[PDB]
Amino acid sequence: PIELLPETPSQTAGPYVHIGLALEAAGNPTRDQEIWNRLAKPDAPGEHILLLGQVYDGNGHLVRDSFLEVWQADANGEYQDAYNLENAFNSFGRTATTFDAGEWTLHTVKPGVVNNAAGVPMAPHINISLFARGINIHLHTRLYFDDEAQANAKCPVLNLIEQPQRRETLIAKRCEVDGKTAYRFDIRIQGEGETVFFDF
Amino acid sequence: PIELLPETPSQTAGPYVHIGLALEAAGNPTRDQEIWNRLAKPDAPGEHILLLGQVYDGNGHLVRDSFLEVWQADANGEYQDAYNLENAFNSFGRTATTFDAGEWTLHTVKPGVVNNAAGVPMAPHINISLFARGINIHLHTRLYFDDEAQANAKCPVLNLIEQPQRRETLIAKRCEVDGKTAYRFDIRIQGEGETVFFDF
Amino acid sequence: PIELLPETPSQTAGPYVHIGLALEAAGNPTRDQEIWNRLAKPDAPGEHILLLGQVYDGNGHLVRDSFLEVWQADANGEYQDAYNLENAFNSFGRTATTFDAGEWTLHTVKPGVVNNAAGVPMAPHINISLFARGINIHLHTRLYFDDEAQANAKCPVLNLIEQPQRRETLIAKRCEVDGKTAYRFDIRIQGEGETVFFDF
Amino acid sequence: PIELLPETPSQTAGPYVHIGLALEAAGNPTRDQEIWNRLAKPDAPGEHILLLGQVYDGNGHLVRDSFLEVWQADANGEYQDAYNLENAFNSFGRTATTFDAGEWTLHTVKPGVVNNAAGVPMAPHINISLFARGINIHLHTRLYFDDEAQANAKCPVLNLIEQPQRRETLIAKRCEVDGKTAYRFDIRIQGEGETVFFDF
Amino acid sequence: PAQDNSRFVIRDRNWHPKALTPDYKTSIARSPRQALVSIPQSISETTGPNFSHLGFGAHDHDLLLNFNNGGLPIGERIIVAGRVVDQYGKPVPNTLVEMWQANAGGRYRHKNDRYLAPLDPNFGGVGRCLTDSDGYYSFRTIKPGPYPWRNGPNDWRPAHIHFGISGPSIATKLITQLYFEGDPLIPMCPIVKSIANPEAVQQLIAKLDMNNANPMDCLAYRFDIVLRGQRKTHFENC
Amino acid sequence: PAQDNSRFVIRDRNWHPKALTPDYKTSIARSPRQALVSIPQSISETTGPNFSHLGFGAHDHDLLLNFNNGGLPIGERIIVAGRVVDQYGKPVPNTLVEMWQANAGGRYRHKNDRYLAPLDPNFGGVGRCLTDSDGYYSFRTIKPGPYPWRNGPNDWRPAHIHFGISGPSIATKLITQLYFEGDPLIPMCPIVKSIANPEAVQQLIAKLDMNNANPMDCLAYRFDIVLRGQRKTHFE
Amino acid sequence: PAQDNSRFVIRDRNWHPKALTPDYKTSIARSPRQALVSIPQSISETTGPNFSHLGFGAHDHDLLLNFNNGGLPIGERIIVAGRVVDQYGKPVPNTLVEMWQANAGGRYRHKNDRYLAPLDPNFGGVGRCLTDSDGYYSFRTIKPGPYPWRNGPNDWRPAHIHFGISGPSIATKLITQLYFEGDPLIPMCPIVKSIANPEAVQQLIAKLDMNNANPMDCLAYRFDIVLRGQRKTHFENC
């Protein structure tokens, strides 16, 4: 068969991932411009939301050194790929769990609906890649929203998960953090309530 | 790199381990001198204690053919390597679980404090090696005491266990058995409450 | 390690090198345009100079079939790479030793100062490549001028020659030839007074 | 044939040999006890002498980074092998050329006569090993004395040198340094007047 | 905004390390036990950030100068350079390459590093750059030292530099580790050996590159990176 | 206004012939005995002549017509063609390639050649051209004959053509010799064997190139030339 | 005093580097052109200094502590250890082993080192010790960096430590260089290649020795040294 060049193989981001990608969290000085967890300037269009979560290992213990990359459509359902700290909205961001509480946060807007390749609307979602010490190749998941139940039930991606109970692992819970609209999205890497992870 | 002679590889002690190392439990006559479960004659210095425990497999069932070897300091925190059935105290002994009840017992004294190689005091402990049918290489653990909370909190070995919840698995429970001070130390080889095992 | 394509290896220019690169000296007709030994037309800016020299082998005998290529800055210390027989000055030329006398000549201007890559001024110099029968790969040297003692003393190339006595081998001797300023630069390939040759 | 383990191969001592073996000369602090160039306390038995020399390469230039080890009998013809800074006399020492003048010095006594293995007396001599940048394996030589002409003419080691003219290269010249008895022993590694070097 | 105009060759997850590699002890509890759910590529997966407009500092790619507290870091001066291509051999231009590493003694500048070896007051250990229009990147740094870690009782990471590469989409994003030609620690490392195929491990080993060295100054190592092959869609929906 | 904006990969002087190769007798007295002195590259070394506006005659690259005295030269008609690239595989466009050779019988048109074989009145033995914008050059000539020479008592040069290539700087300038595929004289020649590594000698052997031949007219040989790798400065 | 009681196996001077090795440029003018003159062994050659009574400082063998100006040197912490035996395999006890090296960045603490790489204020670069009664020695140090030198235009020494070993006589005294397992600079170095036989070069390459490492602390390398075989005289003079 036809064989291409092989992809460079993944390795763990390791415990000190923050040195390279989360400088403040490492305990270090930061550079003039950093890629971080505020996707939306306060006047960006759409509904401003906080996202937060914790990450659990197979023993039920917090993964306090995890690093997350996120990619989402803006409120109008458009992916803004020209990354710039001066943009009103970036579709891309990064966040990391605090070492004390094991909690990550992201400041963004609720994404608009985008269609899949066959033209079928997907429910509003945030694409997440999870990296950490002990994770040899990053885990892909999606964060969907519990107040989009009608959309979620018809999502052609959620519908590829055979068991409805597993679909529930991808639905963030609406809540309030300091009085502001928020959604909590905990990830369970392994075991009871294990979060769905994707390959594509 | 430099490669030495390879160590002779381990194999399971198997179900009939008692033939060799626990003659009475096999149903067999014993020799004049046996190495067994009474580390302290009644007159030895220190707090005299009974130790007992059961061993559980991954399905929560008793491991009735367990064989345990123990190594501990005397009451003054000194290891006594000159093994002799005349001694008032020996630092080494052997025990086994009974085939009906699955319980092992030891008669000893509470060990004194011994420093690690860097000079830091370790909490009172008994070193245990666990052998059985289905165990390919013996498992190392330590038995600490729930009435030494302050010392356990500062033990530099216990502090190498990353999760506090796992440290609890090495703490034996003080009780009374026939008016005498005892400690129960159960070992769970696998699953919920899995006992910490060491490599060194 | 990383290995690139190998360079095509050198070979001697051989005794009949003049067929290709010095047509008149071979006894042959020349073409309309030839690359030869007059780098400066009479009207070019700078001090006009005649250069001449002989080439000696290891037994002190003349190398009568030497071919020399030269590369030098104009009087303002600029290298002129656009070769054209119309130019008042070209930075490049070629010469050869005559078969009877063994002497080569060049007609040029004294080059101006040019800085090395670290910004340090080099003394005025002409870069020379020497080719001949019995020379398997050409020899690189530099011709400096005895009336630039202060500059020669501080040249960062000359100062890479560990022994002062060897530096003297690269200093051409000012004289007069038919009332005109000249410099003699003899090259000794081998033995006593052996000319410094460079690798770069 | 019988082949033993191969000797570890030599390599050059390199330009920075002084770091390890001539600390002061490197420009560095010295340790409490150093192996150096004063073989004799002032009251040691025998005739106290200064030795000095320079070392020349094949181009007649000073080898300013050479390092020499010496081994000689005491005045009574005895080799004192128990090295100690408190000895009246050490048979062993080390010296190195100064970088400015290229000159080494040694303070010692004239050695007494020792016999070769066949019982034949050797002329008074100092065994020298010469090390330096560019010397891949150290060069062995002997320093004999020009005021021992009768002894030198009968030396069974000098007599192994086929040519009398080469024997002359090993004879140090008596002189006076600051009014004190001295012998100068220059070494020519290569070329005209090349010093005899030994294999044994 | 971004458009769905391409597809990315499916990953070989037996070429990459698997999730559960128990000799690397932390992977046991941080690996899923359920199968990954495969999904088709959509615009969500075939697009990603481009960092052309990120503001880079002058020394962001130069670890010899980007943590300057009075002098130069102590250590083996090296250029680390190479090309980012996809599996079809096509250069990946204007892509973000990030790296992070320990200092010459194997100490990380990170609050959680308990190793005794000292910090270097002139070394931070992070760099970033964008590949050029032909896919090439380069960094200047010091060669990191190996360093001991609490896995087995005497485990040591080989000298290594952590790399992150964005590529054209979130589908292509990769974190990996560069190792150094001839390092005898490489075949002993349980993190290296998370990769089951030794030919795959070979792809992570940077080669000494004398042609790229600066004489009297610094050595150089070449590390080329291959991201997932990108192709146009064909015969879809129709 | 030539500028210092590149560096050239350091030469491998065990790939090239060394200076002292005593079986090639004339090298004994014409080789240095002191080591070369290494120096860093400066604008003096990293620049050189560009010959784009040297005036070439119509036939400068065609030895069958550039010495025309009323007929064609006698001998094996051949095209000699190839590419000039650097060690990174980059083409070297607009560079000067010069060549010289003996005639079909091994006779050079040079006053110092004492070999008895006759001159060919319609053959001179010199050519020159510039590589094109993709790095390719081509000459038309006759295959030179082998040459006896006073080295050992029965030494013969294999058939060969001398080549000079300027390249982008004086640092890249090279003189070399082309030899012809299969010539049994090649492994016997002390000039060839000045190159210690037989894999380096292989790089000098031109291959018969039937694809570039003109049927019923001339054969062709391919000779590719690799000059030193050129790269930008970095971290200087 | 010393007595003549032994003979030493003749050196193989095609196993050792020869004097004239022109790729190592400085050897051209510092090599003899006349043959060495062979002489029989006498007491002058078969005796030499014993250093049992030399006063060693407490840290003389420990380069991590013997140039202490306020902290630890920066670099890869290593033990360098091994055994000194003769060609018959017999241990050489109570013999002086000296070593010297550059710091982690390839800078020597020597006035004549023109390399730009910085000095380490806590690293000197010299050590010494005596082999024990069984022939074993050991040092603690940091792994030296490679460093560039003016031979060819882009020549770099592999990482190396200079060793001097006295042995039982002046006939056995040796200076040599230790190199490190897997270093890709080794086959490129004209000083290494002064040794014509690559099997001889193998003897200078120290092997990674994990069995001798201190976990969470330092790696270890093993370097065994073989001096000339010593035997009793037999059938002499008679």
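The letters A, B, C, D, E, F and G name the chains in turn, as written, and every chain counts its residues from 1.
Just so it is clear, a contact is a pair of C-beta atoms (placed from the backbone, for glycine too) under 8 Å apart; a residue touches a chain by one contact, two chains touch by 3 or more.
Protein names from UniProt, one per chain: A, B, C, D = Protocatechuate 3,4-dioxygenase alpha chain; E, F, G = Protocatechuate 3,4-dioxygenase beta chain.
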Using the touch rule from the top, work out which pair, F-G or D-G, shares more C-beta pairs.
D-G
Which one, A-E, B-G or B-E, has the same contacts as D-G for more than half of its contact pairs?
A-E
Calculate how many whole Å lie between the centre of subunit C and the centre of subunit G, each centre taken as the average of the chain's C-alpha atoms.
46
From the C-alpha centre of subunit B to that of subunit D, how far is it in Å?
68
Quick one: subunit D and subunit F, Cα centre-to-centre, how many Å?
55
Between subunit B and subunit C, what is the separation of their C-alpha centroids in Å?
88
Touching two or more other chains in subunit B are residues 1
At least two other chains touched by the same residue of subunit G: list those residues.
26, 28-29, 150, 152-154, 181, 184, 188, 207-208, 210
Listed in rising order, the residues of subunit C that touch subunit G in the complex are 1, 160, 199-200
Within their complex, subunit D touches subunit G through residues 4-21, 23, 26-29, 31-33, 35, 57-59, 61, 63, 65, 69, 71, 73-74, 78-85, 90-92, 99, 114-119, 122, 125, 127, 129, 131-139, 157, 160-161, 166, 189-191, 194, 196-200
Give every residue of subunit B touching subunit G within the complex, in rising order.
1-2, 4
Subunit C contact footprint on subunit E (complex, rising order)
181, 207-212, 222
Would you mind writing out the residues of subunit E in touch with subunit F in their complex?
62, 79, 138, 140, 210-212, 214-218
